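Visitor: Opening with a subset of the complex:
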Amino acid sequence: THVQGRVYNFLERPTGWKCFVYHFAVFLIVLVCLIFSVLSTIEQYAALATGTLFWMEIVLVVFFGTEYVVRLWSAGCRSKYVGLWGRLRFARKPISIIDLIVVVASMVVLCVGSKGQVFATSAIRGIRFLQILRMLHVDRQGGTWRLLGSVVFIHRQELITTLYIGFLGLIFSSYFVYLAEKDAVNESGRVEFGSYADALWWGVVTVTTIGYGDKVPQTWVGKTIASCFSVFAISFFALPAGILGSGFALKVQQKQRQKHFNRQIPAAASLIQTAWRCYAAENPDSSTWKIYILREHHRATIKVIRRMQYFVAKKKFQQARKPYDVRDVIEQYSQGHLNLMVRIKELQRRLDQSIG
Amino acid sequence: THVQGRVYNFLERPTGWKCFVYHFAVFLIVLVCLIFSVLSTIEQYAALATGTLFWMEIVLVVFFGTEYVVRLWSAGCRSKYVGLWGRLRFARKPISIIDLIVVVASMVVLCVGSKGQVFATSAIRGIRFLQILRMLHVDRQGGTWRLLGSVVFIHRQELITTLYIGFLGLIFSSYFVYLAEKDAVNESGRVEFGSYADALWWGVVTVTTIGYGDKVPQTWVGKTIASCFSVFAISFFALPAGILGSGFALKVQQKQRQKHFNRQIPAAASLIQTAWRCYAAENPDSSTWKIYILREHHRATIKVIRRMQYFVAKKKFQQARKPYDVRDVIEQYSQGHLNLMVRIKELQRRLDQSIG
Amino acid sequence: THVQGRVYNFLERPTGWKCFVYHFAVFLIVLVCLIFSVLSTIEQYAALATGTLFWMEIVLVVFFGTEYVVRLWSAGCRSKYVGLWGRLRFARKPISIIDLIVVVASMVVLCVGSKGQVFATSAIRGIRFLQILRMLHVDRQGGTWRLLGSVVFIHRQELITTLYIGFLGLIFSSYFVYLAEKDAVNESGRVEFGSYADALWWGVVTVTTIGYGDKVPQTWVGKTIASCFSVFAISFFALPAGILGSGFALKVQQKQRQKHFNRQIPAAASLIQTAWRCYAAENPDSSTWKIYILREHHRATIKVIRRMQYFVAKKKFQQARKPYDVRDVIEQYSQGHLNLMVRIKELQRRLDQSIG
Amino acid sequence: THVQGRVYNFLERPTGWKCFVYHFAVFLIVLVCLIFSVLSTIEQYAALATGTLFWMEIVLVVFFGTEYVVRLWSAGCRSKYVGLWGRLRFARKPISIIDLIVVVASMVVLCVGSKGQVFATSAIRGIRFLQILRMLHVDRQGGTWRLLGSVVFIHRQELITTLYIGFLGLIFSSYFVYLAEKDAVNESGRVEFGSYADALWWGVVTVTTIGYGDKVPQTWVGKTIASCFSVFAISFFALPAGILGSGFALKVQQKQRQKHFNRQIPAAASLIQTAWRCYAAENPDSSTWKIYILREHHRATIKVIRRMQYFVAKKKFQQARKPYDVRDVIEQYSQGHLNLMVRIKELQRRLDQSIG
Amino acid sequence: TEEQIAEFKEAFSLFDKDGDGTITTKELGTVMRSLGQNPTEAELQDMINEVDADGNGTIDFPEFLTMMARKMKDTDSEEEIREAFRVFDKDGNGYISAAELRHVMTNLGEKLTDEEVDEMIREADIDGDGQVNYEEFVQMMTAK
């Protein structure tokens, strides 16, 4: 019963401080496994570490298998992961797929000497720490790399435009410098301009502010065109970083603007009630038709009235999820002013009746 | 009839998903033509690719000609591109000019061996993918490179000021380092300071954080002045990228502030009606003069009243295109408060009459 | 009496212009001590400066000791630093701990020849200038490096996410380039890919736009993957700087939004009065129970009423510390509108009584 | 009369399009003089250009002298630059000082062979184009480099803090790397760590992402500490650029928030009238004392009433120069609500009198 | 769809009951007065700015047809009802307790009738397990 929920929160959805400590320990043991895998790649300790770390690696993979087993067993608490069908649905999740891929890659071959693939197999375990953030996996519209990567998605069109302009400038500039300096050979007897691949490489180097130190024309025309290219194109190349930072600060400012979490309960309840009203509009024999009261031939009228009430509830809920804003202030002032006008009109007509 | 409109939307103004798929395929075939053109520049496949790709290149240029022909034929749907005069007007568009230039460059010479100009001719086809965004070409105030490049235009004065300050600092610092290190020769027996062109080049390298690795004084004074120059001037050099990113995030925030698209219809209709009212003010014999009703000598009065009504409609439309804002809230509160004051005053005087 | 307060403001909490001048002189003498310490590290003046600067360094350390003594003696003005217990509490402050550490490091050994540790000991005095900003040390939630470093703390989760993604990309790209170019040796007979430490180093160089000039594959596949890595990962690496700049500009905009400093006095006074009301609710024999007036058995009622009044005062004070905002405008309009509705209802019922 | 004003606008304060064209031509001739001065520095054309350009340079300096003379003569239109005293005051302006310095530097020596100082003298003419923006010179609080440089001034404290932290990190890291790698010598038989000046230079190179290519330890500990230094300190170093860009976008957003230019006329007129009211409060014999009307002993009362009216006018003017804001909306709602409350109270008491 | 457009046209005419082809706030309020649902002027203006799309503030036959033409099984509606039901489940695992639903439906909202709340309980029950799952209830919601 509740033990399944508690172990599910311990595994996937952290809460409190003990589960946070456990996740912290998981992150550190991931760091430890990655670090000894990467230190196993050195030639001096290639054999000693491989021989010594056999027991640790096998107990680690056994622990990973047991934790996957207990996670899938505890998945039964979630309504989406109930029964064999629910277990299969949980398997289709990207995090579960990645974990299963890691386990099968670990156990591809047994009782064999280690090779470079062993480091690659352990390298896949690096992304396991990021799976804790993506442990929710509620949907695919925005999650972890997509939830906070939506900043790129929000700016996708113009980011694509900027990178396209940068690529066009890079290839064009490479063509110009190649055509101009086909005959230009710098010191040390090396032909700087020998391949358009080299030209594109140096264009990338210049746009990335790398500055290797091998291929630079000493001609004044080349220096001037390179200076113009730097003062024109580097800003567009560096645009996306500041773009995403400014957009992220935008959404951070929007965070404090967000409306209180507990204020959407009446709106959601009204939405559900109107949804059922629409559903029972399909059933003339429902007991809800007697709430208004006889009335017999107005079934379609009641149905469409409930449908427009559901539309109004949808609009109210969509306004609720939006934070407090200038539009909200404007509509609040408008409704208050129209209520005041209606009250003034009714008072005026009442007084006219009284004294007229 | 409608077939011309459908093919015009298929060609220029995309809609739905099939036209989006077609534009995607156009972008990929542009990528393919550019990629085989750039791979044709290699020396190992210079001849084999040229011999093999003759049929593909000729069918591609035939397809480009046919698509240009069908686009100009379908341009007749647009009111700006009707008839021979409309076709000529469509030709004057920058996108049409670029396409015609590309086609004529492709067909300059026939049945001739390929050269470096063939790669240049195919390089012009790279910008064709960007023409899809600029396919509108409604005006020249802001479009594609200018519509989203208005961020630079909005910041043009101060961007020019910053680049001017950077250029002054660069040239001045080059002069100081040349004068100080005229006698400074580093290792490997190379005179670092031999030309002010080299001095300006190294100034550009330092301001661009390139770091080639050839010309650096080993003097302590040179090191200190270079450190001061870096800590003073690099921020101004990198300013424009963050400037444009922050301004773009500004306009993104403004996007959600924008007023609903369908609310400007009554304002536009009133503007058109007032424009016609001004027009018919020029015609005393129009039937609109009898709408108010006799009145004979107030023709100028009616004309100027319609003119001021048109001015009011212009102001209302200009306020409409502006998004919801603090000024809108302030004016709404002001009009509501003055209506309340007028109503209170009329109620007070009515009561004074009633009981006085 | 007041002399202790004046000297405390002279030492720790600057005011006026004379104390600002004194702090400026302190900053310049700190600059002087650091600069002659760093110039003492040169080999030509290692001995001459050490012999000459003995008197200046000993008088400087004597001055530092005397200023620490006078600061701790003048700390008695502060209520937190009264008596021996207050002096000990002042000692536990991080600034006092740093100053004591600097003094004891200076006086570790006497009448001994100078070494490299002397430069290190004087290097600790560099941070003394920053202690002027952190001289307040009111708490540890946000102070100096934390008060304006809260920008990082506000963005901590997503900054950690971005750096984690960058680190994953760096290590993965290093693995790919090593595996691909194990057999790739560039010119000058140097094996570029000889250690994964070198691979990670070059990954850091590429992500930092350093461009040393030693380890770059000349393969076209390597060039393309490096270009993709640059166009994909550099923006995420440069994200935090623009992120913090935009957030700081956000809080700067919030500064002008801040509510007037003198408007919180009535709210604070009401909060204190309600706190005492809660306190005296614990004492039925207090004289405050007679302010309302008999009433004998409503002691719990009065206690809970005072408690809810204290809750209301807490909410009002928490709203006060918040700047003027959309929520404040909305609640002000709501309270005004409900007052108007109540007044209209009472007027309507009064008129109905009058004429009914 | 008006001719002096027209020539003053032609020279200093541009308007229309003809003066803009003239200023554009001035900028281009400045570009021409700078470009031939910089091309005169080459060794191949050092003598030919000097011999040929004598007539052009002398006519250019004559033109500069004549334009300075006509500018100072036309300065008489400005009230600040009237007469000999006004001419002297105009001379003290920084732009006039710079122009006079340039002219005297040009005419230091006559009929002499050119040297490197001639290029330096012509280099000072580069800043003349920037003087057009600073041609106003109304004050020194904010002008050109200070008016748009106020972005730095607005962020001065925290920019200083960030650069101070970066400098501390740089010097500390240089000390650590020197102490760690005193014995570390890389390839080519060059001692990388031979001077703390070299250590500080490489710290600057690393923090500036330069990457020269001479001094890098090959030790794993050095690589790790360099990676940590890069991932920790580069963001703080790059902070100021994004900081200033975001603040500039902030003020750009504030530009559209700015209140209309023509709405401050009544506030300014009321301020002037209240200032004169305060002035005439000093004169009991003024005719303004009879405007209220006898009253004899209330002179001090009238004086202090006019003084508080002037204070109110000052507050109103200070609120006017502020753009439309949340505070303005709040105070407008407050005044409207209190007017409504007063009107309701007077109506209620009037009705109570009527029926009571 | 001829029968559909005909029935919506005749329903629009029935609500109009005046011949001008438009639905007004006064007409709608008179309709609720006839049937007895106690409307509010705020609700009337709120449905006015919602259904009307031409910006003229009135209701037209093309607008009514366009607003009625929308489907009910949109994936956006599916996700919206998902997130709406998520907040009502404190655990957030799709298992919502019986008592919380009971008391919320009773005391919060428009005070829904007890008999129809019990109807909700009996149809939205996973074999009477108490800790029911709303996935099947939403699925039968979207299955019409």
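Guide: In hand now; what should we look at? Numbering: from 1, shown residues only, chains lettered A, B, ... in the order given.
Visitor: Check whether stretch A:129-137 comes near chain E.
Guide: No: remark: stretch A:129-137 sits outside contact range of chain E, by C-beta under 8 Å from any C-beta of the partner chain, the gap being at least 9.5 Å. From N, CA and C alone the C-beta is placed, and that goes for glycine too.
Visitor: Please point out which parts of that stretch sit buried.
Guide: Neighbour-count burial for stretch A:129-137, counted by 16 or more other C-beta atoms under 10 Å in any protein chain shown, picks out A:129-132, A:134-135, A:137.
Visitor: what's it in contact with?
Guide: By C-beta atoms under 8 Å, 6 or more residues apart in numbering or on different chains, the residues outside stretch A:129-137 that reach it are A:12-14, A:23, A:26-27, A:30-31, A:93-95, A:98-99, A:143-145, C:161, C:164, C:168.
Visitor: returning to what we had before: closest to chain C among the buried residues of stretch A:129-137?
Guide: residue A:130 (6.9 Å; C-beta to the nearest C-beta).
Visitor: Would you agree residue E:21 is in contact with residue E:64?
Guide: No: applying C-beta atoms under 8 Å as the test, residue E:21 and residue E:64 come out as separate, 10.3 Å apart.
Visitor: For the chain, which segments count as helices?
Guide: Looking at chain A here, since you left the chain open. A:2-11, A:18-39, A:46-52, A:54-74, A:83-91, A:94-106, A:116-123, A:150-154, A:156-180, A:196-207, A:220-257, A:265-281, A:299-321, A:326-355 (DSSP state H).
Visitor: look at chain E instead
Guide: Under DSSP H, chain E gives helices at E:2-16, E:25-35, E:41-51, E:61-68, E:75-88, E:98-107, E:114-123, E:134-142.
Visitor: then chain F, please:
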Amino acid sequence: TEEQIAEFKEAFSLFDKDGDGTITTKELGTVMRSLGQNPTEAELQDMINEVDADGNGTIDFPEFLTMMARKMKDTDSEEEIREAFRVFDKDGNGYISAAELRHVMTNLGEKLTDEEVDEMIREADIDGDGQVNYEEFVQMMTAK
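Guide: Chain F now in position relative to the chains above:
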């Protein structure tokens, strides 16, 4: 321009009809009451903040002359009317249907008279093609 300034001065005096040289909201409302256009106080304050430029809230002879001195064929006005007519054409290619213009001009705006709407149709028609083009109509608009 002497006749122009004279005629605007006499028109201003006629509207003033009081001798103080200023136009007030009360005077303007009395003018509409005499002629019968049913003005609104909101419209009055809206024209007040529009035409007045000195910031004092009243109307003066120099202000009236300056506001009347503006031309009608400004390129900004051309582009504004372009974008205003663009939104009314769903296709956006300059070919606007007859029926859409008809029903919009009838039911939206200030309920323009049917006879003058038909006048609009007959003069703004490209040889009675139905799918008329507004370019020529705007050109004859700007040709006075």
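Visitor: Once more for the contacts of stretch A:129-137, now including chain F?
Guide: Contacts for stretch A:129-137 (C-beta under 8 Å, 6+ apart): A:12-14, A:23, A:26-27, A:30-31, A:93-95, A:98-99, A:143-145, C:161, C:164, C:168.
Visitor: Quick one: buried ones out of these?
Guide: Counted by 16+ other C-beta under 10 Å, the contacts of stretch A:129-137 give A:12, A:14, A:23, A:30, A:93, A:95, A:98-99, A:143-144, C:161, C:168 as buried.
Visitor: Reformat the residues you listed as CSV; add distance to chain E.
Guide: Formatted as CSV, these follow (distance: C-beta to the nearest C-beta, whole Å):
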residue, distance to chain E
A:12, 10
A:14, 13
A:23, 18
A:30, 26
A:93, 15
A:95, 16
A:98, 22
A:99, 20
A:143, 13
A:144, 18
C:161, 22
C:168, 29
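Visitor: closest to residue D:316 among these?
Guide: Residue D:316 has its nearest neighbour among the buried ones among the contacts of stretch A:129-137 in residue C:161, at 49.8 Å by C-beta to C-beta.
Visitor: gap between that closest one and chain F?
Guide: 43 Å (C-beta to the nearest C-beta, to the nearest Å).
Visitor: my read: that residue touches residue A:151, true?
Guide: No: using C-beta under 8 Å, residue C:161 is not in contact with residue A:151, being 11.4 Å away.
Visitor: How is the chain divided into domains?
Guide: Going with chain A. What automatic domain parsing lists as the domains of chain A is A:2-144, A:154-257, A:261-355.
Visitor: ah, I was thinking of chain E
Guide: Chain E breaks down into these domains under CATH domains of a matching chain: E:1-74, E:75-141.
Visitor: tack on chain G:
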Amino acid sequence: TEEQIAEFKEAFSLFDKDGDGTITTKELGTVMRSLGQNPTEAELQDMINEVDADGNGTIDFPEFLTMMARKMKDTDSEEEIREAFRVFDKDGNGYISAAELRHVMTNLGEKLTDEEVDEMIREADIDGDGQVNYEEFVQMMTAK
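Guide: Alright, chain G goes in next:
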């Protein structure tokens, strides 16, 4: 905590005095009318939006228990009272003068009674030093 929940439940029932299990603004105002504290409708709505957390605007037993369950010695409250007392001390060193506290407590706030202000002086005095320190007063505040 059984006695605690029982006493808060009976206090809630006593304030309700109607049997519907909810506290309303009318009931609370009647309570103050009975006891005589002259409440304000603004204060009533201000306590309504404060104590109520379900968003329905009424007071329930679970809400009352949750709001009463909070502790008084929270470190956030400690820091809040620190910064609240800081502004009243011009020096800001924790030594607050007697006269400033006297006149502020008298003329500012809700005009607290002189006898209880003197009680504040006598208990919040560091051995009658005049320039008293509020640290000990706050400590005995938080010690209950």
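Visitor: Give me every residue in chain E lying close to chain B.
Guide: E:53-56.
Visitor: Just the closest residue of the stretch 1-150 of chain A to chain G, please.
Guide: Counting by C-beta to the nearest C-beta, the stretch 1-150 of chain A gets nearest chain G through residue A:17, at 16.7 Å.
Visitor: Counting neighbours, what do you get for that residue?
Guide: A count of neighbours around residue A:17, defined by other C-beta atoms under 10 Å in any protein chain shown, yields 8.
Visitor: and it, backbone torsions?
Guide: Per-residue torsions, residue A:17: phi -110, psi -30 (degrees, to the nearest 10).
Visitor: give me the residue from chain E nearest chain C.
Guide: Closest point on chain E to chain C, by C-beta to the nearest C-beta, is residue E:42, at 12.0 Å.
Visitor: OK, contacts around the closest residue to chain A within chain E?
Guide: The minimum distance from chain E to chain A, using C-beta to the nearest C-beta, falls at residue E:94 (2.7 Å). Taking C-beta under 8 Å, 6+ apart as the contact definition, residue E:94 lies against A:78-80, E:133-135.
Visitor: Give me the distance between the most centrally placed residue in chain E and residue A:302.
Guide: The centre of chain E sits closest to residue E:72, judged by C-alpha atoms, centre = their mean, with a distance of 10.8 Å. Computed as C-beta to C-beta, to the nearest Å, the residue E:72 to residue A:302 distance reads 17 Å.
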